[PDB]
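Undergrad: experimental structure and its sequence below.
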Amino acid sequence: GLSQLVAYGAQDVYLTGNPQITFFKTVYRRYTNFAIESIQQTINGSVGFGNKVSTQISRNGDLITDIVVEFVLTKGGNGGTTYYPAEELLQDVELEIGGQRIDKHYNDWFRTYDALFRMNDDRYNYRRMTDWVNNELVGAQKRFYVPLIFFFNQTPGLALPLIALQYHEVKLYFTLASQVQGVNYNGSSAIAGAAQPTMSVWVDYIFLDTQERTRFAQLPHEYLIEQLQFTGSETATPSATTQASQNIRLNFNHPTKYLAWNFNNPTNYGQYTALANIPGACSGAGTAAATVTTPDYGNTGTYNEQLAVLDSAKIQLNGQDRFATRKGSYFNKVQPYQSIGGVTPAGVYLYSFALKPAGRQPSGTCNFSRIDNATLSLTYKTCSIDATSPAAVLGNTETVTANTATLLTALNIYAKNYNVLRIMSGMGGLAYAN
Amino acid sequence: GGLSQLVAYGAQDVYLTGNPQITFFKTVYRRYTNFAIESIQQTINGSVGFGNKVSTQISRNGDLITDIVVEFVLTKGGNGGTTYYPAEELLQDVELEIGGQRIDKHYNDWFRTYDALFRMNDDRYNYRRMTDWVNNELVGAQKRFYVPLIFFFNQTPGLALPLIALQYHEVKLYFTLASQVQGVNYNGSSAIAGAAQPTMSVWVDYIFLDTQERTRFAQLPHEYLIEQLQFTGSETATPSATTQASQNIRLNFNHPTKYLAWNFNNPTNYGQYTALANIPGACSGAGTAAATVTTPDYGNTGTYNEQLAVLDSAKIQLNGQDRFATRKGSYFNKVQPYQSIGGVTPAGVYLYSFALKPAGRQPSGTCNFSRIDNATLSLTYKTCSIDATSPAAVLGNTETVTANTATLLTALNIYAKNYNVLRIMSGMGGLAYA
Amino acid sequence: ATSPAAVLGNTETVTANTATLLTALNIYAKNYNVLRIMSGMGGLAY
Amino acid sequence: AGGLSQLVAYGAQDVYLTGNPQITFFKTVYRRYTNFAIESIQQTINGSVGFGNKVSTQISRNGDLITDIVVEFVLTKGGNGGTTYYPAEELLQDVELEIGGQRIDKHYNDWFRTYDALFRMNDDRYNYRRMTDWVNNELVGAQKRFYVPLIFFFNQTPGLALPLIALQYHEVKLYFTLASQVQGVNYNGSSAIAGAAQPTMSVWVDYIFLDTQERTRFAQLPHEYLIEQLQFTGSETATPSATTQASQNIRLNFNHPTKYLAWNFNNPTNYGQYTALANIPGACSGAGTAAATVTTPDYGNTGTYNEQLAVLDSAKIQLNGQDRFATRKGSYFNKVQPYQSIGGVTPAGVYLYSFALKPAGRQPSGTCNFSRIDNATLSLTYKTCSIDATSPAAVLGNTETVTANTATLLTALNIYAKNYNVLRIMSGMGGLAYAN
Amino acid sequence: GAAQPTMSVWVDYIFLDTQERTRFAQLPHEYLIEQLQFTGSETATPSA
Amino acid sequence: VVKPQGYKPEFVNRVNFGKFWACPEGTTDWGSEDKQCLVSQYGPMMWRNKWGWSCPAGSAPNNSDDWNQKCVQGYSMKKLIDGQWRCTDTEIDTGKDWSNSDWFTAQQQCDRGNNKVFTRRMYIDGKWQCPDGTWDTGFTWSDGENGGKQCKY
């Protein structure tokens, strides 16, 4: 207390001065001259369920951004039988530049991503573009639009300069699911007469005027981009008599923005929670016909955490706790509150290393290329609740879930990290491998 | 803990945190010109009533103006479900005149189309609360409605209109009140005996500048990059039971256009952009014995069910050349706004942007129709073969067909939003381009 | 308040007879101040 | 913000309080003092102790300085609770202080009562009563040791400790006279109480033992102490008539710089009675009921604050033929004077007039030198004794100028003067300086 | 049954233009004012 | 070991008020060139004078060590104006005339609250002029956002 302090009797009178800026008169920035065109790509290979197809993006414009994969499907059953089927159909999509994999997304990632990062009417509109949401009936035909979510598919700021890649081609490889719920299969039962999908891939191209087009064509460029890292693993399945726990190695690299994960029943796409005889939680739920072994497919997702299987979790780095152990509901509700601002469905979890993981601008990362032992430690809920008795579910406790929750045996762990896509002398690839 | 993440530092961190440019742990602020905002009522010249044309003149009480809200007091001429955004329907149009020059003009249908495309989530709901009855109000109920105007200066402080610099020019607004408003003074074609006439008032939010800003406005010349709406109505090449009608509509537009927007509608029923059907919400009494497919469930006039939309596909031609590949109506209805706005657009409403982000004020790519001698919108309609009175016929239909009642959507409304320059000098203002 | 016809079919200047139960009024104001930290100690400017 | 918001609120008006600060409040510096110790030592009392007897003691030289003196008495109640009033105070009829054969001072039981009435207060007064009376509703035969502190100048402060050490050749004595009767102990009004016990007495003196340099200084240096003395004479009261207002001019045979005069009117029959008796709960034996009498007080409740029972209407002090101050009402002497100058509650019938700014203190603060006043007198006007003491309506509903018919029993007047003199000690001997 | 009064106090305010508001706010002022002194008392009772 | 620090006074820069420079309003017109304005409540008995440290022109001594904080910001002196030793109309005469005070409080007389750089003109010479002890800044009551009148310290 022998330090110097200031009385500040009129510190603020002293610190004032003239205005710097006025709110009521905007200056708009003059931008470059460009145009946007939607161009169809040629897809090689037969499109159909279970098939692998691909497309090369044609050099029609200078830069590319948005990519939408169109699919045409017909319902194989009535309303309540499908769940985001166009999302399910695109089993995966791989982005290759110069022959090097830059990224790769999975149907489950699209479901996880959406569940975690989209929101409000955007999420609804998304659902409109991937599912039947107006109680459509068997045979109903719709064109679905599945937007891709690669770094260049989200912002013009990361438009991929095909013009700057004169020696390297850019391709998308797409795996179509062998089965799509409510379209060609009802659970495990094939739907006789189901149609094969029609597919079309659209790329929205940016046409640049001469000065900017030339700079892209001739100069080296470094684009800060986001990559998905992913692998599936067995879940330490919980049971009626026990709280299972599991030490999961996190085989990730690069400065990671966040980790995200879900547990699921691989039988039913998007099922991240247990089934129960409560409205929407199972096929026929709330009635005598309810079966807690089959979801109400049209209502597969839920916010009822009582049906989720994670009791608590922590992430360790180099074997040491990165943060204090928190409950599954923390990862499901709070992380998203703080970091995204949307609402995340039960069974979907997030842990961010970033202030704002939902944005493009770096805001703190965890560099797993500098971490020797990254481990996710999970504790599961006890599967003791009789799912066929609503009272058992709705009146339960924090540490328990449905007996049907033991069917959520698959675990998917995803991570998003920042790498650099470098382009020069007509060629390109990633700045870092690992 | 957190330290274990900081220590994991290496080569891949350089592009994120090497030579830091900003810190996220410190907010930087800007000294803004002092100002105040006061709400002042303007008067209305002319008799307020249905079918009447009335107008105001904005006095120079403050220096700059932004938001304008028109208040209406309406009664319900029937029970809940009989009205649809009635204050929006009532304000048939508003014309903006400066110095006698027509600067812009909005239409009730535009307000509906604008909302359908650009408002969202709770902004949209709160908006609905200010223009309709959304709490199941009954006949005789009376409410004050607030219909904000959407002229360029009514959307952002940045374009506050400089009444201050307009020494010799008055700013006037002409408001046309619809001769009929559904569920207020008419029920379909029938008048409602005893219906009350509206009470109306126009409110303007004025900005009061300090001495220094005030001086600059008075002495400096100004120019503003502003928006205008271009609009014409056309007959729809009405489709039928046995055919897919098609139509080439000349786009009689000029100026740098941010985007086009359009819808098809039934002139009888405000906001009806889709076909009627015996499925819940799609017609008066839909889903039951009393259902009719000649009249909408007015309270549920809008829908996200495309099966009831009329348009099959569309393209825009510039001087006879395709501007982009033909895309399905569902592409304009769902994808365009996904990409460009981030909200959800109801069936029957379509958008095509020339801009990266048409929802913003900052120009981001435009189609200058002042340099396109002959632009055309080419539309293909669906076959009107589905029997609207048979829920299954509608819900189980195909991509290329719609309801037989879709032939009631005989009007086509095409809008274009563009950028012009409002110049102010010598106490007078007006547009730079015809 | 117990009759929907009266509740849902009425005008602007009226409310429920049960609205007289709303006897509390809460008024909030959010404002700007400065928090200062110097030489290991801190508190508000004013 | 917070406490700091007060510190920063500084302007011109503050310069007068905190500009160029001289002192603080957050750091006390104490003064270093000498090495000394204090001890309570019993004195030997010569003569026979008993009611009405005169006994005495020479203060032994069991220390260098003396201060506090407490006289212990053991008495037994001759009746039940309510029959006594400060009986150990009544018992010690008088105390005389003599040094080297010269009287320094002399106090009387009535002075102790008067002094207390004016100068002790609050719990000090209560604790005092606890040391001289039975205040817990004790019954007949109850035995208590009473402690009567003396109030001579050296019994008030160490600052005036009597330098017994500096008096190597002159004795210091205390003479004590015990009352012939003590109310509620050996007599009940005029009636002797058969079987009453005689008092047991012990005199304690607190002696200060000084360490060597300080002791030597007192032993060898001459000293002059500015000390107080009590002057006292009894006078007959111009007892008011029940028909009119008596008046009286009393010569005040006082000398020396006087701090204050004090006086009271009383009924010698009943120790401590300075007011009239009346049939109201606080003013007579059995008051408030059928058995009430207004000839005898409820002794345990002898005193009162109700001036309606007092006899002084008004008074002035005249010096050498000239009024010192305008005549003021008796209630002015009873309530205001001590309010202003002492700060306690003076009981009805007891009056004070100060010539001093702070008479309750020891630092001289203005005195009236009666040795320079050829003829000082106290001029009194009495209240009319017309109120029927046996009728509460008359006792309590009366006027400023009247009192009880029983107020005519207050026939004695005690006038005191407390003054300064100087006790000069040298060559082992010491007597108070001024003769008159 | 007499009713209690309803009371309201209205003050007529003067709004000055700019130069005067400034001078009044900053300059010292001095006014002669009027005051009412009042002493109530008994009247010698008038007599018949 | 790291060397301890003393008062370390905080001084701002003088500002352009239009055709003249003067110290900002929460501050005082202290010294010159290197130390033009005091911000903190105490400052470095600037040596430049006439030469002399009092303290100087606008601050007064306090009873302390560490020269950096020996003068207190916001004072002046009796400053004879016309025929009377009055403080400026916007200043507050503390009452510490000189004769009834010690050296430190005797100097701290006028308490220049809210008027550390500019004051108002005085009706002293019958003409409403700049106070005898200050510089005549060109501003007037009609001039807006400049309430100061001919004054500078």
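TA: It's in. Numbers count the residues shown, from 1 in each chain, chains lettered A, B, ... in the order given.
Undergrad: hey, where'd the helices end up in the stretch 301-434 of chain A?
TA: A:328-329, A:335-339, A:390-394 (DSSP state H, counting those that start in this stretch).
Undergrad: and these, which is most packed in?
TA: helix A:328-329 (a mean of 20; mean count of other C-beta atoms under 10 Å in any protein chain shown). C-beta: built from backbone N, CA, C; applies to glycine.
Undergrad: okay, and the residue in chain A that chain B sits nearest to sits in which element?
TA: Closest approach between chain A and chain B, counting by C-beta to the nearest C-beta: residue A:26, at 3.0 Å. Assigned by DSSP states H and E, residue A:26 falls within no helix or strand.
Undergrad: you'd agree it is up against residue B:156?
TA: Yes: Residue A:26 sits in contact with residue B:156 when judged by C-beta atoms under 8 Å, with a separation of 7.0 Å.
Undergrad: so what's in contact with these two at the same time?
TA: residue B:361 (C-beta atoms under 8 Å, 6 or more residues apart in numbering or on different chains).
Undergrad: nearest to residue A:22, out of the helices of the stretch 301-434 of chain A?
TA: Among these, the nearest to residue A:22 by C-beta to C-beta is helix A:335-339 (34.4 Å).
Undergrad: is any part of that closest one close to chain B?
TA: No: Helix A:335-339 is not in contact with chain B by C-beta under 8 Å from any C-beta of the partner chain; minimum separation 13.6 Å.
Undergrad: please tabulate the helices of the stretch 301-434 of chain A in TSV, including the columns distance to residue B:59.
TA: Formatted as TSV, the helices of the stretch 301-434 of chain A follow (distance: least, C-beta to C-beta, whole Å):
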stretch	distance to residue B:59
helix A:328-329	57
helix A:335-339	47
helix A:390-394	61
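Undergrad: chain C: which of those is closest?
TA: With C-beta to the nearest C-beta, the closest approach to chain C among the helices of the stretch 301-434 of chain A belongs to helix A:335-339: 21.1 Å.
Undergrad: that closest one - contacts with which helices or strands?
TA: Counting contacts by 3 or more C-beta pairs under 8 Å, 6 or more residues apart in numbering or on different chains; DSSP states H and E, helix A:335-339 is packed against strand A:348-352.
Undergrad: one more time with 10 Å
TA: helix A:107-117, strand A:255-264, strand A:348-352 (3 or more C-beta pairs under 10 Å, 6 or more residues apart in numbering or on different chains; DSSP states H and E).
Undergrad: how about residue A:358: what's its closest non-neighbour residue?
TA: Excluding the flanking residues, the one nearest residue A:358 by C-beta to C-beta, 6 or more residues apart in numbering or on different chains is residue A:340, at 4.8 Å.
Undergrad: number of residues surrounding the one you found?
TA: For residue A:340, the count of nearby residues is 20 (other C-beta atoms under 10 Å in any protein chain shown).
Undergrad: what does chain F put close to chain B?
TA: Residues of chain F lying close to chain B by C-beta under 10 Å from any C-beta of the partner chain are F:144-145.
Undergrad: smallest gap between the stretch 151-300 of chain A and chain F, at which residue?
TA: Nearest residue of the stretch 151-300 of chain A to chain F, counting by C-beta to the nearest C-beta: residue A:255, 36.3 Å away.
Undergrad: that residue: neighbour count?
TA: Look at residue A:255: counted by other C-beta under 10 Å, it has 27 neighbours.
Undergrad: can you tell me how far the closest residue to it other than its chain neighbours is from chain D?
TA: Distances taken as C-beta to C-beta, 6+ apart put residue A:365 closest to residue A:255, at 3.6 Å, once the chain neighbours are dropped. Relative to chain D, residue A:365 is positioned 39 Å away (C-beta to the nearest C-beta, to the nearest Å).
Undergrad: surely residue A:365 is in contact with residue B:16?
TA: Yes: in terms of C-beta atoms under 10 Å, residue A:365 counts as a neighbour of residue B:16; the distance is 6.2 Å.
Undergrad: now the common contact residues for the two.
TA: Jointly contacting residue A:365 and residue B:16 under the rule C-beta atoms under 10 Å, 6 or more residues apart in numbering or on different chains are A:255, A:418.
Undergrad: one step back: residues in contact with the residue nearest to residue A:255?
TA: Residue A:365 is in contact with A:254-258, A:352-354, A:357, A:416-418, B:5, B:8, B:12-13, B:16-17, counting by C-beta under 10 Å, 6+ apart.
Undergrad: check residue A:27 too.
TA: B:158, B:224-225.
Undergrad: turn these into CSV, columns for secondary structure, distance to residue A:389 and neighbour count.
TA: Shown next, in CSV, are those (DSSP: H, G, I helix; E, B strand; the rest coil; distance: C-beta to C-beta, whole Å; neighbours: other C-beta atoms under 10 Å in any protein chain shown):
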residue, secondary structure, distance to residue A:389, neighbour count
B:158, helix, 59, 19
B:224, strand, 66, 22
B:225, strand, 65, 20
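Undergrad: and which of these is nearest chain A?
TA: Distances from chain A to those, taken by C-beta to the nearest C-beta, are shortest for residue B:158, at 3.0 Å.
Undergrad: isn't that closest one right next to residue A:21, touching?
TA: No: contact criterion C-beta under 10 Å: residue B:158 and residue A:21 do not qualify, at 11.8 Å.
Undergrad: so what's the residue count around residue 142?
TA: Because you didn't say which chain, this covers chain A. Neighbours of residue A:142 using other C-beta under 10 Å come to 26.
Undergrad: wait, I meant chain F there
TA: 10.
Undergrad: please apply the same query to residue A:278.
TA: 23.
Undergrad: can you classify it by secondary structure?
TA: Following DSSP: H, G, I helix; E, B strand; the rest coil, residue A:278 is assigned to coil.
Undergrad: my guess is it contacts residue A:299. True?
TA: No: under the criterion of C-beta under 10 Å, residue A:278 makes no contact with residue A:299, lying 11.0 Å away.
Undergrad: any residues in contact with both of the two?
TA: Common neighbours of residue A:278 and residue A:299 (criterion: C-beta under 10 Å, 6+ apart): residue A:285.
Undergrad: mind checking the backbone torsions on whichever residue of the stretch 51-200 of chain A sits closest to chain C?
TA: Closest approach between the stretch 51-200 of chain A and chain C, counting by C-beta to the nearest C-beta: residue A:120, at 25.4 Å. Main-chain torsions, residue A:120, degrees, to the nearest 10: phi 50, psi -130.
Undergrad: show me which positions of stretch A:161-178 end up buried.
TA: Residues of stretch A:161-178 classed as buried by neighbour count (16 or more other C-beta atoms under 10 Å in any protein chain shown): A:161-165, A:168, A:170-177.
Undergrad: tell me where chain F has helices.
TA: Listed in chain order, the helices of chain F (DSSP state H) span F:103-107.
Undergrad: who in it is up against chain E?
TA: F:89-90, F:120, F:141-142, F:144, F:147, F:149.
Undergrad: mind putting those into TSV with distance to residue A:324?
TA: Shown next, in TSV, are the residues of chain F next to chain E (distance: C-beta to C-beta, whole Å):
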residue	distance to residue A:324
F:89	66
F:90	61
F:120	64
F:141	66
F:142	67
F:144	60
F:147	58
F:149	65
